[PDB]
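This report refers to the structure that appears directly beneath it.
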Amino acid sequence: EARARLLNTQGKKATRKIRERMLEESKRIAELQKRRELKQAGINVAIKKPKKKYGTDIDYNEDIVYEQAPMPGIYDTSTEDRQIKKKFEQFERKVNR
Amino acid sequence: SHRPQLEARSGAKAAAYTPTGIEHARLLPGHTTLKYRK
Amino acid sequence: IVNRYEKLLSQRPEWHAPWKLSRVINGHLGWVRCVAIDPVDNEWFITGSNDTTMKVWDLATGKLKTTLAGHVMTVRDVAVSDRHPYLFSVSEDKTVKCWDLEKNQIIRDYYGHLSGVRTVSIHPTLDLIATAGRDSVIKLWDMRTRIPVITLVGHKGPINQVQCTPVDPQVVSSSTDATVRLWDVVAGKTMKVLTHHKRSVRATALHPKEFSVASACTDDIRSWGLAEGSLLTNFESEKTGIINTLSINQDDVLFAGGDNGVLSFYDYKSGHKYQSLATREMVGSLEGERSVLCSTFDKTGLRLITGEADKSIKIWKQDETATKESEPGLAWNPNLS
Amino acid sequence: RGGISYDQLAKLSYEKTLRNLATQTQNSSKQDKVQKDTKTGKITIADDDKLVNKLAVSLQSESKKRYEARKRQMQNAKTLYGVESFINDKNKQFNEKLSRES
Amino acid sequence: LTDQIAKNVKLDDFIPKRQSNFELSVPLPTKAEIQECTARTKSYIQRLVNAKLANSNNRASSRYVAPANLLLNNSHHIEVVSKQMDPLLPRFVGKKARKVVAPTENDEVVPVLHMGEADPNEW
Amino acid sequence: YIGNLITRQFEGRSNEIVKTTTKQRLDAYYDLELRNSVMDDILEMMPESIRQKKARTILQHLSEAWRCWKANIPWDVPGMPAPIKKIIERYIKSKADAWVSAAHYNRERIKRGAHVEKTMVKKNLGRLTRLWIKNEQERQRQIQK
Amino acid sequence: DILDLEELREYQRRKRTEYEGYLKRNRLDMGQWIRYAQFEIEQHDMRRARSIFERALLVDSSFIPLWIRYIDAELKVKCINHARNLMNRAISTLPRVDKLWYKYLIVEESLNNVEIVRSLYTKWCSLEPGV
Amino acid sequence: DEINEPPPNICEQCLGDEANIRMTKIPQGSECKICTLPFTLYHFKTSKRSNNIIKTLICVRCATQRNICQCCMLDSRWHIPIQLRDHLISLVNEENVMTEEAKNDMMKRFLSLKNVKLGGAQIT
Amino acid sequence: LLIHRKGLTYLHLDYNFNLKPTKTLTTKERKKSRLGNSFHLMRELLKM
RNA sequence: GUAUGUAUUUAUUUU
RNA sequence: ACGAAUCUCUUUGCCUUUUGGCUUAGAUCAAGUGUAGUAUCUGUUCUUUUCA
RNA sequence: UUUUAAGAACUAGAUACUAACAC
Ligand SMILES: [Zn+2]
Ligand SMILES: [Zn+2]
Numbered sequence: 154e155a156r157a158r159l160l161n162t163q164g165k166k167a168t169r170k171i172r173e174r175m176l177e178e179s180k181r182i183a184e185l186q187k188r189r190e191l192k193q194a195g196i197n198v199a200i201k202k203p204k205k206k207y208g209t210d211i212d213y214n215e216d217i218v219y220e221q222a223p224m225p226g227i228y229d230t231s232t233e234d235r236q237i238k239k240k241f242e243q244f245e246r247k248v249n250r
Numbered sequence: 004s005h006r007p008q009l010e011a012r013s014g015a016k017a018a019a020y021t022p023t024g025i026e027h028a029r030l031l032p033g034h035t036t037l038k039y040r041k
Numbered sequence: 111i112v113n114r115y116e117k118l119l120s121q122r123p124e125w126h127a128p129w130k131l132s133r134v135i136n137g138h139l140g141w142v143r144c145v146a147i148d149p150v151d152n153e154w155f156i157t158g159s160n161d162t163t164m165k166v167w168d169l170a171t172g173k174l175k176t177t178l179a180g181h182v183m184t185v186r187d188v189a190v191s192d193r194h195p196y197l198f199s200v201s202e203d204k205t206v207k208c209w210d211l212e213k214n215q216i217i218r219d220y221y222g223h224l225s226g227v228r229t230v231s232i233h234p235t236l237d238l239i240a241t242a243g244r245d246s247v248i249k250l251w252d253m254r255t256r257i258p259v260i261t262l263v264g265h266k267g268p269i270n271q272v273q274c275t276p277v278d279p280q281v282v283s284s285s286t287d288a289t290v291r292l293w294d295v296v297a298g299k300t301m302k303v304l305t306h307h308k309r310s311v312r313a314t315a316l317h318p319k320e321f322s323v324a325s326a327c328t329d330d331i332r333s334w335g336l337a338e339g340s341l342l343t344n345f346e347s348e349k350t351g352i353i354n355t356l357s358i359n360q361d362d363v364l365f366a367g368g369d370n371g372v373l374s375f376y377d378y379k380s381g382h383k384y385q386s387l388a389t390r391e392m393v394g395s396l397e398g399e400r401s402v403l404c405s406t407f408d409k410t411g412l413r414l415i416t417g418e419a420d421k422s423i424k425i426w427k428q429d430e431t432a433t434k435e436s437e438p439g440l441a442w443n444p445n446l447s
Numbered sequence: 092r093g094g095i096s097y098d099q100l101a102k103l104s105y106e107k108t109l110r111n112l113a114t115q116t117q118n119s120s121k122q123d142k143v144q145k146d147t148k149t150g151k152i153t154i155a156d157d158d159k160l161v162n163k164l165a166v167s168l169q170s171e172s173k174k175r176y177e178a179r180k181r182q183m184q185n186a187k188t189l190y191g192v193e194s195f196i197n198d199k200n201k202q203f204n205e206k207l208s209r210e211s
Numbered sequence: 030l031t032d033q034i035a036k037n038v039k040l041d042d043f044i045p046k047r048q049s050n051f052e053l054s055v056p057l058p059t060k061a062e063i064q065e066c067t068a069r070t071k072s073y074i075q076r077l078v079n080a081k082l083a084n085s086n087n088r089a090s091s092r093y094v100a101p102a103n104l105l106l107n108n109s110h111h112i113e114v115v116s117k118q119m120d121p122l123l124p125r126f127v128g129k130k131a132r133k134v135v136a137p138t139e140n141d142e143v144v145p146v147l148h149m156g157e158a159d160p161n162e163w
Numbered sequence: 725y726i727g728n729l730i731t732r733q734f735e736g737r738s739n740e741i742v743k744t745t746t747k748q749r750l751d752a753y754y755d756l757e758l759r760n761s762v763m764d765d766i767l768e769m770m771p772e773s774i775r776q777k778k779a780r781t782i783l784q785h786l787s788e789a790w791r792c793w794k795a796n797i798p799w800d801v802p803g804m805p806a807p808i809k810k811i812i813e814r815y816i817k818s819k820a821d822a823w824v825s826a827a828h829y830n831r832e833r834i835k836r837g838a839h840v841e842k843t844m845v846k847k848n849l850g851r852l853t854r855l856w857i858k859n860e861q862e863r864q865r866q867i868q869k
Numbered sequence: 036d037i038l039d040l041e042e043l044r045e046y047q048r049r050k051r052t053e054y055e056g057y058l059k060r061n062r063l064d065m066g067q068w069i070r071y072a073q074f075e076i077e078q079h080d081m082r083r084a085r086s087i088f089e090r091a092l093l094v095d096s097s098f099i100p101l102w103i104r105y106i107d108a109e110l111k112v113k114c115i116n117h118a119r120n121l122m123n124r125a126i127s128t129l130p131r132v133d134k135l136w137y138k139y140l141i142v143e144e145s146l147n148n149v150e151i152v153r154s155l156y157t158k159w160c161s162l163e164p165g166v
Numbered sequence: 003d004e005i006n007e008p009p010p011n012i013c014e015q016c017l018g019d020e021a022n023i024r025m026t027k028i029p030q031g032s033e034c035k036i037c038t039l040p041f042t043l044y045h046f047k048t049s050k051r052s053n054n055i056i057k058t059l060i061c062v063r064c065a066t067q068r069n070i071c072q073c074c075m076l077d078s079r080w081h082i083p084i085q086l087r088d089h090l091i092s093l094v095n096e097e098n099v100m101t102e103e104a105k106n107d108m109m110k111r112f113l114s115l116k117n118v119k120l121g122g123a124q125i126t
Numbered sequence: 581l582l583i584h585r586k587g588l589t590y591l592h593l594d595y596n597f598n599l600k601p602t603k604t605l606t607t608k609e610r611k612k613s614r615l616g617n618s619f620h621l622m623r624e625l626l627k628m
């Protein structure tokens with residue numbers, strides 16, 4: 154009894170969270186292989202964006218969260234951006250296949 | 004989840020906000036004029 | 111650079127006079143956290159305290175005039191109007207409570223800080239309070255209608271002292287992120303920073319004439335001129351820290367309180383530090399409780415007022431014997447900065 | 092003995108990567142401008158596409174070897190000491206900080 | 030180029046200016062001056078307070094207190115006539131209470147300019 | 725009254741909403757800014773940098789020191805930098821007399837019986853009995869020495 | 036795990052919401068800003084990484100390792116000029132710390148480019164730094 | 003105050019041709035269609051007899067950054083849509099210049115304040 | 581109009597200005613439905 | 001005896 | 001010979017997933033009953049390999 | 001290039017946590 158008691162430090166709330174979060178992950182996995190088996194039928198069903206809570210709620214994926222233009226500068230990068238775009242279009246364009 | 008604060012809320016985070024327009028109580032005009040020393 | 115060092119063996123500063131202990135006034139039961147004295151008649155302290163009272167002592171006699179109580183939490187700060195018969199005292203409950211002396215009663219509660227308020231000062235010629243504190247913003251309270259007309263933005267930390275000055279830059283303020291901003295109110299924003307201090311800037315003071323601001327630090331006490339925001343001098347200060355307070359004077363004596371219990375007086379022009387004193391802590395105190403929490407100089411220039419964490423006020427006197435006779439202090443050996 | 096100031100340390104590391112850089116150049120002997146814009150305040154420097162890649166690769170491999178020192182250090186350090194009571198991982202960690210004390 | 034690189038900081042700002050001469054003087058800010066800063070402030074404030082009272086909703090606060103358009107070149111002239119409310123309807127039809135975070139926008143930097157062996161024993 | 729109620733049904737309530745100190749929520753304030761105003765000083769006696777963990781953990785030493793001084797624990801932490809230990813002694817004196825002082829004032833509010841609140845009673849017996857024993861142990865010790 | 040762009044997408048959105056929650060509550064805990072920047076690099080998206088650092092600086096500029104890692108974040112993608120502009124703002128922001136000057140140096144030695152390190156030490160001496 | 007003080011930024015075409023005009027000033031008008039914050043609205047009929055009343059859709063903070071007539075929403079100088087003007091100016095040069103703008107909510111609100119202008123504006 | 585604008589349609593003002601809930605209240609719908617010391621004071625006033 | 005929280009897609013967005 | 005470099009190991013330095021508040025220690029700390037869902041504690045008996 | 005579980009079958013229930021369910 155005691156040897157079992159010492160080994161859990163949290164309290165009811167934290168454990169409750171452990172559960173809730175795992176349940177979220179089961180939800181994810183399920184919804185995925187939903188979409189996977191629908192792709193094996195070829196019909197492509199888009200994933201939901203989980204709504205909002207507070208009316209102003211942010212969807213982080215969509216736009217740069219708070220975009221700080223890095224600086225001015227003397228050294229005129231301006232070329233490295235093209236190596237970037239080449240690599241980024243390159244990467245994402247890969248993953249699609 | 005009780006955490007000792009390490010900080011305080013910068014006035015700035017407030018400062019950007021737009022106003023309200025609510026009128027509270029203690030702001031009703033009183034002692035409407037000052038007094039000066041000789 | 112050696113030229114710079116030869117010059118510093120020339121000017122050979124400005125004999126000033128020693129100091130000593132005239133009077134000890136007990137009678138607070140807390141720490142004594144602020145002092146400010148009449149702009150006019152020099153009869154009376156006003157003494158903050160950590161039991162939340164404010165007692166008004168009597169300068170000459172040392173007896174107790176009165177008690178202005180009426181705060182919840184401790185009073186950090188006091189300022190006294192020149193032109194008005196007011197007293198703005200501010201504590202940590204997030205409140206600037208105007209006073210009126212004529213009847214010895216409260217009048218206006220100014221209001222609006224997110225959190226406790228560590229400094230008041232009274233804009234000298236415009237009829238405006240300036241306040242600020244752990245919110246890290248420096249508010250200009252308009253006096254009569256209690257609107258926080260201007261909210262000055264600012265630092266990254268608690269704001270330890272605000273100084274108001276009559277002409278441009280009008281508010282001068284220093285923050286435990288280790289800078290001193292210099293503010294231009296009408297435009298609405300910082301007109302300069304003076305960055306040098308390597309830690310919090312825990313006091314300032316205004317040359318009663320020359321129009322400059324001594325800026326303390328923890329361990330090494332610089333000065334600054336306004337307009338350009340020069341560096342000017344560096345008062346030769348080993349690490350004696352920590353610096354609780356700055357007090358300039360009419361004779362350009364300078365005070366600075368230590369928390370190790372050491373008063374450090376300077377010449378102003380030089381940096382020559384010409385007296386240091388252990389402040390004999392007290393009867394039953396605990397050696398940590400020797401410190402100095404506040405200072406000011408009366409309007410004559412000749413008499414010193416400081417509180418001490420051991421629950422008492424001390425008043426120091428300028429000892430006239432002095433001259434050269436055997437006066438001299440540490441005898442001017444500018445060293446390698 | 093002892094603790095090194097964050098100054099002298101940065102110098103010493105500067106020396107170590109000096110001599111390492113020297114093994115790069117010299118070993119590359121063993122195995123064998143600045144333009145400004147009058148139009149805008151931008152400046153334009155021309156560098157070999159060489160030695161930029163040696164630079165980056167060097168950095169990556171440094172991050173590697175350090176990362177691996179830390180990892181193997183995890184393994185060994187957490188396997189060795191068997192004395193004090195441990196409820197969980199962080200008892201072993203912190204408690205070995207209290208052993209680091211004296 | 031040695032100016033191009035580090036361009037901001039420079040040594041004349043670490044150099045204390047009363048070491049050369051003591052007695053170097055900065056004049057107390059006169060009289061015919063302080064009555065200027067006092068002026069531009071005092072006016073500007075009275076316009077602040079005059080505003081913030083005339084925002085709000087005390088019908089009784091009012092007691093306590100332009101052609102302005104050349105547009106383009108003025109080309110079409112103008113006169114700007116405020117619209118009398120309908121006093122019951124909201125005043126400031128669009129005012130509201132929202133919350134923003136704001137861009138801290140600057141070009142330039144504030145060089146922080148100052149001046156582990158025996159000490160970590162102690163501390 | 726209703727002027728408000730309607731601007732709240734349009735413009736949404738006030739976004740900031742500071743508050744004030746008051747009767748009940750006092751202590752959390754007084755505490756809160758006490759400890760903040762240790763953490764300056766102890767942050768500035770350290771020579772250079774090392775802060776965050778060192779700081780917070782030294783505060784944990786703060787509290788531990790206080791609730792020692794309740795339980796009367798003579799509180800010698802075996803070794804520790806002398807000046808910091810000075811700070812702890814300093815403040816714990818300060819908060820101490822906040823405590824004793826409040827215990828007097830209230831006890832002599834009950835004695836007149838003018839409307840002291842409910843829990844304020846139970847508490848005040850707490851602060852008292854603590855004080856009573858401290859007096860005790862003193863009195864015995866000096867009966868030894 | 037991942038199938039196509041759209042699954043990677045949700046795996047991003049979830050992370051970003053989570054982390055920037057944890058940064059939303061603590062402006063401090065710099066290691067969190069670091070780790071989150073690191074994730075942002077492993078997504079091969081720099082622009083967001085640049086921002087996330089910049090904000091991470093506006094929180095605190097006196098914490099160097101964030102300067103450093105915001106250098107190496109620019110170099111490890113083999114893009115230099117940003118790792119220069121960053122250095123002008125760096126040494127100018129903190130002349131009194133060594134590690135910036137030394138690192139900018141080494142960046143110019145492994146490039147062999149001398150004219151810099153000449154003018155560079157010209158400044159870094161001209162300020163009377165030390166021995 | 004200052005809300006007034008950057009003044010209207012208005013077309014010289016759509017504004018209509020007449021010699022002198024009257025237009026209201028309403029201190030807190032609509033929010034922007036864009037930044038979603040208050041501003042001062044200017045009504046007017048173009049000429050006096052007109053049927054329809056011009057309204058102005060955006061800030062003077064917002065119609066600065068993009069440099070567009072607050073009623074029109076053309077360019078000020080070229081009388082042209084955004085998604086044209088910065089397309090043309092994308093062409094010459096070669097590839098650049100679009101303005102990626104603001105989904106979510108306080109993303110757009112926030113991004114409104116910073117003054118960098120925007121690609122279409124950058125030259126003009 | 582004030583009421584139905586708070587989204588309470590289940591409070592009823594009769595023509596003597598009593599306020600009665602017509603649908604026994606889910607607790608949340610009580611909390612959202614407490615009304616104001618004003619609006620109650622003024623209800624009464626009209627009643628007179 | 002309960003507050004509290006969660007999901008509730010129907011009307012086919014071009015290869 | 002020693003200069004230089006890679007790997008491996010030991011030591012030291014730096015601590016890397018390394019205790020995050022307050023109030024009266026926050027207060028309080030056992031005597032019940034039948035059945036039921038679910039966790040788990042022990043015994044016995046037998047047999048020690050590969051390919052399509 | 002990684003890996004290997006002793007395996008199978010049989011058995012009762014004691015201490016358990018809790019139950020808007022039964023004085
Ligand atoms: Zn137009
Ligand atoms: Zn706008």
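Chains as they are written, first to last, in the entry's author numbering: chain A, 154 to 250; chain B, 4 to 41; chain C, 111 to 447; chain D, 92 to 123, 142 to 211; chain E, 30 to 94, 100 to 149, 156 to 163; chain F, 725 to 869; chain G, 36 to 166; chain H, 3 to 126; chain I, 581 to 628. Ideal Cβ placement from N, Cα and C applies to all residues, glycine included.
Residue i versus chain A: which residues are under 7 Å apart at the beta carbon?
i: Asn106 of chain H; result: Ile211, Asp212, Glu215 and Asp216
Under 8 Å by Cβ, that's how I've got residue i and residue j pegged, so tell me the actual separation to the nearest angstrom.
i: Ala123 of chain H; j: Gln67 of chain H; result: 6 Å
i: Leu129 of chain G; j: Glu143 of chain G; result: In fact, because the Cβ distance is near 18 Å, the residues do not count as touching under 8 Å.
Below 8 Å on C-beta distance, what does residue i contact in chain F?
i: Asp203 of chain C; result: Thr744, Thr745 and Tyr753
Would residue i and residue j qualify as a contact pair, given that the criterion is a beta-carbon distance under 9 Å?
i: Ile154 of chain D; j: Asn148 of chain G; result: yes
i: residue 167 of chain G; j: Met224 of chain A; result: Here chain G covers residues 36 to 166 and nothing more, so residue 167 of chain G does not appear.
Less than 8 Å separating the Cβ of residue i from some heavy atom of ligand 3?
i: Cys71 of chain H; result: With respect to small molecules bound, the structure shown includes ligand 1 and ligand 2 and not ligand 3.
Segment contact flag, the segment 159 to 174 of chain C with the segment 136 to 143 of chain C, C-beta cutoff 8 Å, min 3 pairs: yes
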